[PDB]
Amino acid sequence: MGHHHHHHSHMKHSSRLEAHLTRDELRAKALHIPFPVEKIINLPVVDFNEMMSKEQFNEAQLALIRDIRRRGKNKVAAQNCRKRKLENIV
């Protein structure tokens, strides 16, 4: 409870298909993270705290979420695009 955001951050990225499957992507499958590598970076700590209020994250998972966000710091946020068959085991 406390919805506010004054900074203009509407960066549209619809046309996205990640052939950019890094080592962090292999590690995301290994730890079975409920969000993609890209979305860990695009969610700030304040907003991400809402996600950990629902689902607890283990010591290994938090270490990966820490490392990924420092590497690919750019905001290439994939928006609503009909869904897609992502190459993943779940």
# chains A, B, ... in the order shown; residues from 1 in each chain; ligands from 1
call {"tool": "residues_around", "arguments": {"residues": "residue 51 in chain A", "least_positions_apart": "5", "cutoff": "12 Å", "atoms": "only C-alpha atoms", "output": "NGL selection string"}}
result
:A and (34-35 or 39-40 or 43-46 or 56-57)
call {"tool": "write_last_selection", "arguments": {"atoms": "N, CA, C and O atoms", "output": "short mmCIF file (atom, residue, chain, number, x, y, z; two decimals), in the first residue's frame"}}
result
data_model
loop_
_atom_site.label_atom_id
_atom_site.label_comp_id
_atom_site.auth_asym_id
_atom_site.auth_seq_id
_atom_site.Cartn_x
_atom_site.Cartn_y
_atom_site.Cartn_z
N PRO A 34 11.38 -18.54 -10.69
CA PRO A 34 10.00 -18.33 -11.22
C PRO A 34 9.86 -17.13 -12.20
O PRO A 34 8.79 -16.93 -12.78
N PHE A 35 10.94 -16.34 -12.37
CA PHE A 35 10.99 -15.20 -13.33
C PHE A 35 12.21 -15.38 -14.28
O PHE A 35 13.22 -15.97 -13.87
N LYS A 39 13.91 -10.22 -16.35
CA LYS A 39 12.92 -9.65 -15.40
C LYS A 39 13.51 -9.41 -13.98
O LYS A 39 13.09 -8.48 -13.29
N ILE A 40 14.48 -10.25 -13.57
CA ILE A 40 15.26 -10.03 -12.31
C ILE A 40 15.93 -8.63 -12.31
O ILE A 40 15.98 -7.95 -11.27
N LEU A 43 12.95 -5.53 -12.54
CA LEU A 43 12.25 -5.29 -11.25
C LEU A 43 13.24 -4.69 -10.21
O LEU A 43 14.16 -5.39 -9.79
N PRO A 44 13.08 -3.39 -9.80
CA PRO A 44 13.89 -2.78 -8.69
C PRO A 44 13.64 -3.50 -7.34
O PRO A 44 12.63 -4.18 -7.19
N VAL A 45 14.54 -3.31 -6.35
CA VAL A 45 14.45 -3.99 -5.02
C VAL A 45 13.10 -3.71 -4.31
O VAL A 45 12.47 -4.64 -3.78
N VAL A 46 12.64 -2.45 -4.36
CA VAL A 46 11.34 -2.01 -3.78
C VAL A 46 10.15 -2.84 -4.34
O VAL A 46 9.35 -3.41 -3.59
N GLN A 56 8.92 -17.25 -0.94
CA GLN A 56 10.26 -17.23 -0.32
C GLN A 56 11.35 -17.68 -1.34
O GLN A 56 11.09 -18.54 -2.19
N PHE A 57 12.54 -17.08 -1.27
CA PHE A 57 13.69 -17.44 -2.14
C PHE A 57 14.86 -17.98 -1.28
O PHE A 57 15.24 -17.35 -0.29
#
call {"tool": "residues_around", "arguments": {"residues": "range 25-31 of chain A", "least_positions_apart": "4", "cutoff": "7 Å", "atoms": "only C-alpha atoms", "output": "PDB file with N, CA and C atoms, in the first residue's frame"}}
result
ATOM      1  N   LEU A  21      20.773 -16.514 -24.596  1.00  0.00           N
ATOM      2  CA  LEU A  21      20.703 -17.472 -23.473  1.00  0.00           C
ATOM      3  C   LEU A  21      22.101 -17.622 -22.830  1.00  0.00           C
ATOM      4  N   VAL A  37      15.721 -14.295 -16.492  1.00  0.00           N
ATOM      5  CA  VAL A  37      16.985 -13.536 -16.228  1.00  0.00           C
ATOM      6  C   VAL A  37      16.802 -12.007 -16.408  1.00  0.00           C
ATOM      7  N   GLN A  61      19.240 -19.094  -4.723  1.00  0.00           N
ATOM      8  CA  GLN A  61      18.383 -18.294  -5.631  1.00  0.00           C
ATOM      9  C   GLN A  61      18.665 -16.776  -5.486  1.00  0.00           C
TER      10      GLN A  61
END
call {"tool": "residues_around", "arguments": {"residues": "residue 14 in chain A", "least_positions_apart": "6", "cutoff": "8 Å", "atoms": "only C-alpha atoms", "output": "number ranges by chain"}}
result
A: 78-81
call {"tool": "write_last_selection", "arguments": {"atoms": "N, CA, C and O atoms", "output": "compact mmCIF listing (two decimals), in the first residue's frame"}}
result
# COMPACT_ATOMS: atom_id res chain seq x y z
N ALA A 78 10.69 -6.99 -21.74
CA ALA A 78 9.70 -7.59 -22.67
C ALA A 78 8.26 -7.41 -22.13
O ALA A 78 7.93 -7.89 -21.05
N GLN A 79 7.43 -6.68 -22.90
CA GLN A 79 6.02 -6.40 -22.53
C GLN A 79 5.06 -7.53 -23.03
O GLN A 79 5.50 -8.58 -23.50
N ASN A 80 3.75 -7.29 -22.85
CA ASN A 80 2.67 -8.21 -23.29
C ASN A 80 2.70 -8.50 -24.82
O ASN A 80 2.30 -7.66 -25.64
N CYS A 81 3.18 -9.70 -25.20
CA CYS A 81 3.38 -10.09 -26.62
C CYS A 81 2.86 -11.53 -26.89
O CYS A 81 3.65 -12.43 -27.22
call {"tool": "atom_distance", "arguments": {"atom1": "CA of residue 60 in chain A", "atom2": "CA of residue 32 in chain A"}}
result
10.5 Å
call {"tool": "select_by_dssp", "arguments": {"residues": "chain A", "states": "helix (DSSP H, G or I)", "output": "VMD selection string"}}
result
chain A and resid 23 to 31 37 to 42 45 to 54 59 to 71
call {"tool": "write_last_selection", "arguments": {"atoms": "N, CA and C atoms", "output": "mmCIF file, in the first residue's frame"}}
result
data_model
loop_
_atom_site.group_PDB
_atom_site.id
_atom_site.type_symbol
_atom_site.label_atom_id
_atom_site.label_comp_id
_atom_site.auth_asym_id
_atom_site.auth_seq_id
_atom_site.Cartn_x
_atom_site.Cartn_y
_atom_site.Cartn_z
ATOM 1 N N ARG A 23 25.110 -17.820 -19.541
ATOM 2 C CA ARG A 23 25.409 -18.747 -18.424
ATOM 3 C C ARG A 23 24.412 -18.570 -17.257
ATOM 4 N N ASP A 24 23.999 -17.313 -17.008
ATOM 5 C CA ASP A 24 22.983 -16.960 -15.981
ATOM 6 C C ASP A 24 21.605 -17.598 -16.288
ATOM 7 N N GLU A 25 21.328 -17.823 -17.589
ATOM 8 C CA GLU A 25 20.089 -18.494 -18.063
ATOM 9 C C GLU A 25 20.135 -20.004 -17.714
ATOM 10 N N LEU A 26 21.302 -20.622 -17.961
ATOM 11 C CA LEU A 26 21.596 -22.020 -17.559
ATOM 12 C C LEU A 26 21.495 -22.201 -16.017
ATOM 13 N N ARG A 27 21.976 -21.179 -15.284
ATOM 14 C CA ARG A 27 21.925 -21.117 -13.804
ATOM 15 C C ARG A 27 20.477 -20.875 -13.290
ATOM 16 N N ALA A 28 19.665 -20.133 -14.079
ATOM 17 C CA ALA A 28 18.232 -19.876 -13.769
ATOM 18 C C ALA A 28 17.406 -21.177 -13.853
ATOM 19 N N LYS A 29 17.724 -22.004 -14.856
ATOM 20 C CA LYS A 29 17.155 -23.361 -15.008
ATOM 21 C C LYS A 29 17.633 -24.318 -13.885
ATOM 22 N N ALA A 30 18.915 -24.181 -13.494
ATOM 23 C CA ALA A 30 19.539 -25.017 -12.439
ATOM 24 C C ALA A 30 18.896 -24.782 -11.045
ATOM 25 N N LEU A 31 18.652 -23.499 -10.707
ATOM 26 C CA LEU A 31 18.014 -23.095 -9.424
ATOM 27 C C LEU A 31 16.468 -23.010 -9.530
ATOM 28 N N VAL A 37 15.721 -14.295 -16.492
ATOM 29 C CA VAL A 37 16.985 -13.536 -16.228
ATOM 30 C C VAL A 37 16.802 -12.007 -16.408
ATOM 31 N N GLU A 38 16.164 -11.650 -17.526
ATOM 32 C CA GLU A 38 15.836 -10.261 -17.903
ATOM 33 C C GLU A 38 14.964 -9.537 -16.831
ATOM 34 N N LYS A 39 13.906 -10.223 -16.354
ATOM 35 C CA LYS A 39 12.915 -9.646 -15.402
ATOM 36 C C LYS A 39 13.507 -9.413 -13.981
ATOM 37 N N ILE A 40 14.485 -10.249 -13.567
ATOM 38 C CA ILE A 40 15.262 -10.032 -12.307
ATOM 39 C C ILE A 40 15.930 -8.628 -12.305
ATOM 40 N N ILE A 41 16.416 -8.215 -13.483
ATOM 41 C CA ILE A 41 17.111 -6.925 -13.671
ATOM 42 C C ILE A 41 16.102 -5.748 -13.725
ATOM 43 N N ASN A 42 14.970 -5.979 -14.414
ATOM 44 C CA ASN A 42 13.959 -4.930 -14.703
ATOM 45 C C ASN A 42 13.057 -4.598 -13.495
ATOM 46 N N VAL A 45 14.544 -3.313 -6.350
ATOM 47 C CA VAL A 45 14.453 -3.992 -5.020
ATOM 48 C C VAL A 45 13.098 -3.715 -4.310
ATOM 49 N N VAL A 46 12.644 -2.445 -4.358
ATOM 50 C CA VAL A 46 11.341 -2.015 -3.781
ATOM 51 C C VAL A 46 10.151 -2.842 -4.345
ATOM 52 N N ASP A 47 10.072 -2.913 -5.683
ATOM 53 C CA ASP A 47 9.004 -3.639 -6.415
ATOM 54 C C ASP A 47 9.143 -5.177 -6.259
ATOM 55 N N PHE A 48 10.399 -5.649 -6.243
ATOM 56 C CA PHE A 48 10.755 -7.083 -6.131
ATOM 57 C C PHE A 48 10.374 -7.646 -4.736
ATOM 58 N N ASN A 49 10.430 -6.779 -3.696
ATOM 59 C CA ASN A 49 10.002 -7.131 -2.320
ATOM 60 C C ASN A 49 8.528 -7.628 -2.255
ATOM 61 N N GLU A 50 7.666 -7.148 -3.177
ATOM 62 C CA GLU A 50 6.263 -7.629 -3.287
ATOM 63 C C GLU A 50 6.219 -9.127 -3.707
ATOM 64 N N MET A 51 7.128 -9.508 -4.628
ATOM 65 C CA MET A 51 7.269 -10.897 -5.117
ATOM 66 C C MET A 51 7.763 -11.855 -4.004
ATOM 67 N N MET A 52 8.749 -11.403 -3.189
ATOM 68 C CA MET A 52 9.270 -12.214 -2.050
ATOM 69 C C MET A 52 8.286 -12.234 -0.849
ATOM 70 N N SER A 53 7.326 -11.277 -0.822
ATOM 71 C CA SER A 53 6.201 -11.285 0.154
ATOM 72 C C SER A 53 5.229 -12.456 -0.127
ATOM 73 N N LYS A 54 5.175 -12.907 -1.399
ATOM 74 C CA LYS A 54 4.335 -14.058 -1.810
ATOM 75 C C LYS A 54 5.136 -15.382 -1.727
ATOM 76 N N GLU A 59 18.856 -19.381 -0.303
ATOM 77 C CA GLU A 59 20.192 -18.720 -0.288
ATOM 78 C C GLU A 59 20.893 -18.722 -1.674
ATOM 79 N N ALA A 60 20.742 -19.839 -2.409
ATOM 80 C CA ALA A 60 21.303 -20.010 -3.763
ATOM 81 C C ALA A 60 20.587 -19.108 -4.790
ATOM 82 N N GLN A 61 19.240 -19.094 -4.723
ATOM 83 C CA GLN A 61 18.383 -18.294 -5.631
ATOM 84 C C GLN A 61 18.665 -16.776 -5.486
ATOM 85 N N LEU A 62 18.736 -16.299 -4.227
ATOM 86 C CA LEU A 62 19.051 -14.883 -3.896
ATOM 87 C C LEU A 62 20.453 -14.457 -4.400
ATOM 88 N N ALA A 63 21.428 -15.388 -4.320
ATOM 89 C CA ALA A 63 22.809 -15.163 -4.816
ATOM 90 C C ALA A 63 22.844 -14.953 -6.355
ATOM 91 N N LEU A 64 21.994 -15.708 -7.075
ATOM 92 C CA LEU A 64 21.837 -15.575 -8.545
ATOM 93 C C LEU A 64 21.139 -14.244 -8.926
ATOM 94 N N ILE A 65 20.010 -13.944 -8.255
ATOM 95 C CA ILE A 65 19.237 -12.684 -8.449
ATOM 96 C C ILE A 65 20.123 -11.432 -8.177
ATOM 97 N N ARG A 66 21.049 -11.579 -7.214
ATOM 98 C CA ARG A 66 22.044 -10.545 -6.859
ATOM 99 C C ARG A 66 23.031 -10.297 -8.031
ATOM 100 N N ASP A 67 23.562 -11.403 -8.583
ATOM 101 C CA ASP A 67 24.648 -11.383 -9.585
ATOM 102 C C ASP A 67 24.154 -10.923 -10.991
ATOM 103 N N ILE A 68 23.030 -11.505 -11.452
ATOM 104 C CA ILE A 68 22.393 -11.186 -12.764
ATOM 105 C C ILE A 68 22.128 -9.663 -12.944
ATOM 106 N N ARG A 69 21.523 -9.051 -11.910
ATOM 107 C CA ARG A 69 21.097 -7.631 -11.925
ATOM 108 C C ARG A 69 22.299 -6.652 -12.095
ATOM 109 N N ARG A 70 23.483 -7.067 -11.602
ATOM 110 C CA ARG A 70 24.738 -6.276 -11.709
ATOM 111 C C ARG A 70 25.393 -6.402 -13.107
ATOM 112 N N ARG A 71 25.105 -7.515 -13.803
ATOM 113 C CA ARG A 71 25.732 -7.834 -15.104
ATOM 114 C C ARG A 71 25.003 -7.116 -16.270
#
call {"tool": "atom_distance", "arguments": {"atom1": "CA of residue 86 in chain A", "atom2": "CA of residue 74 in chain A"}}
result
21.2 Å
call {"tool": "closest_residue", "arguments": {"among": "A:89, A:5, A:75, A:83", "to": "residue 17 in chain A", "atoms": "only C-alpha atoms"}}
result
A:83
call {"tool": "atom_distance", "arguments": {"atom1": "CA of residue 16 in chain A", "atom2": "CA of residue 85 in chain A"}}
result
12.6 Å
